[PDB]
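Visitor: Let me begin by handing over the structure; questions about it come next.
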Amino acid sequence: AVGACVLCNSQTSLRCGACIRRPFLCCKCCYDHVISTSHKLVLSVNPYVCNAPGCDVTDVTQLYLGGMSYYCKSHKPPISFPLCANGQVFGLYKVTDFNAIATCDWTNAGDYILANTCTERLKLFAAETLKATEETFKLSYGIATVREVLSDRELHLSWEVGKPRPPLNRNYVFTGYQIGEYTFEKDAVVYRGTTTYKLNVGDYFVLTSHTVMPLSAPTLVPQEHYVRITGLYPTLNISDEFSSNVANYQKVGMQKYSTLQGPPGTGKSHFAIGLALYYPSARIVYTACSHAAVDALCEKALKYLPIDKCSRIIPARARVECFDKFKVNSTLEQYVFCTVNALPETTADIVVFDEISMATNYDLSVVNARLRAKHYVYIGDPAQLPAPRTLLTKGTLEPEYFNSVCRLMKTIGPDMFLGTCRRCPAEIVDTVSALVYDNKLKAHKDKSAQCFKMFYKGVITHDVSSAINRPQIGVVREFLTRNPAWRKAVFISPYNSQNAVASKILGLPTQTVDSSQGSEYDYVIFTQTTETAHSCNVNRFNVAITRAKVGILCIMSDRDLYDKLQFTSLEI
Ligand SMILES: [Zn+2]
Ligand SMILES: [Zn+2]
Ligand SMILES: [Zn+2]
């Protein structure tokens, strides 16, 4: 019961018993917390509760020290001192932002703004409190039980009465009962078991509620600037392919950490792998939140780096299939590719943390705690999508609040910016450059004259709250009959239910905007589906149209984003 104050470090025996994370608070800080919030339970070796038999006074502001014990006003001896006096709470070794983080329910955007604008120690308290709240919320959902199994990919479910039903998308991962992790897609539902198992009737599924470990490391280590490249030894013979990044690679070696904003198709993986070639003896750990981001770095490394010095770290509790071409779980290979949640405790010359817009402060801290490195390079784009905030329902989370790295990129600017999009036709580049990049993103490709837009509101139906627009899919079907090259297009929309309908009617492969992030396709067909905050989000819109290498068709619901698209308009 002895520790350091989460607000000012001052040693104490006090912890707030009303806070879900029970943070250590020093006398001057514990007082400022109890006296300004509904939190009145204070914990020491023994709690601050009335020692008198049968008394239920637990409020610290109504308690006094009667010798060596604690008593309320009704039970205190004549010679007693109040626990709360002269701006402090009695304890050994004798905040407006801390109060809001400690008492908020994480359903408002302002709660996330505070968690990213507060002091460093309060960023860890906020990240731990938020993650713990997100887990206890998983318990609120009802259990799903198998009523009947139709096929190897379809079943019928029986839900728990009195408890709400979680959304049925790829985002919500269930645990079968331990028959492996399972996902569902919309009376027949589509099941996807991570482990192939003959679904038994009576078996049940629950969302995996995991224990939130405490955070110790900052989201960002303190910044250091050096006069020379430190702890890294550059090649003199550097491949022409990577010459464009030489100044940026030198910047990387002359700072403790560096941020790289890379818009779509500007060379983020190329930059990341080129760093290994520029500092050929450096041990580099490549990390990201998702298996897909880690695998994309592996694919790029497979092409430029010696395969024998690479290793893909995979947790024994395998959830999805991932990269197979490197030796698995060899922590000491020069190049280690691993998701944040699976990181071993190791050191490195450089840590490259990719797809930074998807990281949370919880992830930023975990990386600093598991990896001790000479240099940290954060790669991503605050104009792309953040990690879903399951509890957030009110307000929009702006990019400067996604995490500490995105906050830096949006306030002081990134240390490095990849300014030339090599993927997209110029119509797409020009649109997103003006939309989210302050006209700093340049097109490498010419206009393809295969980027089309159509303003068609159609009809919005809903599968619970996930939206469908059949008339927008009908417009796509008509377009496909006249444009056979587009037969190979990937269908993209902001909604899983829109994608499920489009899959049956069009037969095109399907992706939500969020799942398409990091991927590229020659042709993309996008149906906005609705005019909601979700489907109009500029970061989601940016990701949606930058998936295309050759052509894109956008069937739009929103006049604003439609008018912004620098595409050829189609009639009907
Ligand atoms: Zn303090
Ligand atoms: Zn508290
Ligand atoms: Zn009492």
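The residue numbers of chain A are those assigned by Swiss-Prot, with the residues present covering 5325-5418, 5427-5509, 5518-5526, 5531-5916 sequentially.
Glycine too: its Cβ is placed from the backbone N, Cα and C atoms.
Checked Swiss-Prot, it gives:
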BINDING   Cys5329, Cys5332, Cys5350, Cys5353  Zn(2+) 11 binding site
BINDING   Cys5340, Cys5343, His5357, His5363  Zn(2+) 12 binding site
BINDING   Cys5374, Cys5379, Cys5396, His5399  Zn(2+) 13 binding site
BINDING   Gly5606, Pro5607, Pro5608, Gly5609, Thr5610, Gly5611, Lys5612, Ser5613  ribonucleoside 5'-triphosphate binding site
DOMAIN    5581-5762  domain '(+)RNA virus helicase ATP-binding'
REPEAT    5552-5572  repeat 'LRR 8'
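Map these features onto the structure and tell me what's around them.
Guide: Under 8 Å, Cβ to Cβ, and six or more positions away along its own chain, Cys5350 (Zn(2+) 11 binding site) finds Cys5329, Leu5331, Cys5332, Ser5334, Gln5335, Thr5336, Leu5338, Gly5415, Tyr5417.
Sequence-distant neighbours of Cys5340 (Zn(2+) 12 binding site) (same chain, six or more apart, CB under 8 Å from its CB) are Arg5346, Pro5347, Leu5349, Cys5354, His5357, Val5358, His5363, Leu5365, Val5366, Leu5367, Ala5434, listed in sequence order.
Under a cutoff of 8 A between CB atoms, and with a sequence separation of 6+ in the same chain, the neighbours of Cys5396 (Zn(2+) 13 binding site) are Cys5374, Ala5376, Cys5379, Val5381, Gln5386, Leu5387, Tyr5388.
The secondary structure of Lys5612 (ribonucleoside 5'-triphosphate binding site), as reduced to three states from DSSP, is helical. Sequence-distant contacts of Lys5612 (ribonucleoside 5'-triphosphate binding site), defined by Cβ-Cβ distance under 8 angstroms and a gap of at least six in the same chain, are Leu5604, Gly5606, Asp5698, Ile5723, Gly5724, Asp5725, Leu5762.
Within its own chain, the repeat 'LRR 8' (5552-5572) has Cβ neighbours under 8 Å at 5345, 5452, 5455-5456, 5459-5460, 5463-5464, 5467-5468, 5470-5471, 5505-5507, 5521, 5597-5601, 5705-5706, 5708-5713, 5720, 5747-5749, 5752, counting only residues six or more beyond its boundaries.
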Visitor: Check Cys5350 (Zn(2+) 11 binding site) against DSSP and tell me helix, strand or coil, would you?
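Guide: Its secondary structure by DSSP: coil.
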Visitor: Nearest to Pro5608 (ribonucleoside 5'-triphosphate binding site) by Cα distance: which of the binding-site residues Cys5343, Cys5353, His5399 is it?
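Guide: Comparing Cα positions, the candidate nearest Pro5608 (ribonucleoside 5'-triphosphate binding site) turns out to be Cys5343.
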Visitor: Can you list which of these binding-site residues (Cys5332, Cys5340, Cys5353, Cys5374, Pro5607) have a Cβ closer than 6 Å to ligand 3?
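Guide: The binding-site residues passing the 6 Å Cβ test are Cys5374.
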Visitor: Among the binding-site residues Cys5329, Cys5332, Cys5350, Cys5353, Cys5379, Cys5396, which have a Cβ atom lying under 6 Å from any atom of ligand 1?
Guide: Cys5329, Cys5332, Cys5350, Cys5353
Visitor: Mind running the binding-site residues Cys5340, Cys5343, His5363, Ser5613 against ligand 2 and keeping the ones whose CB falls under 6 Å of it?
Guide: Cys5340, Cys5343, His5363
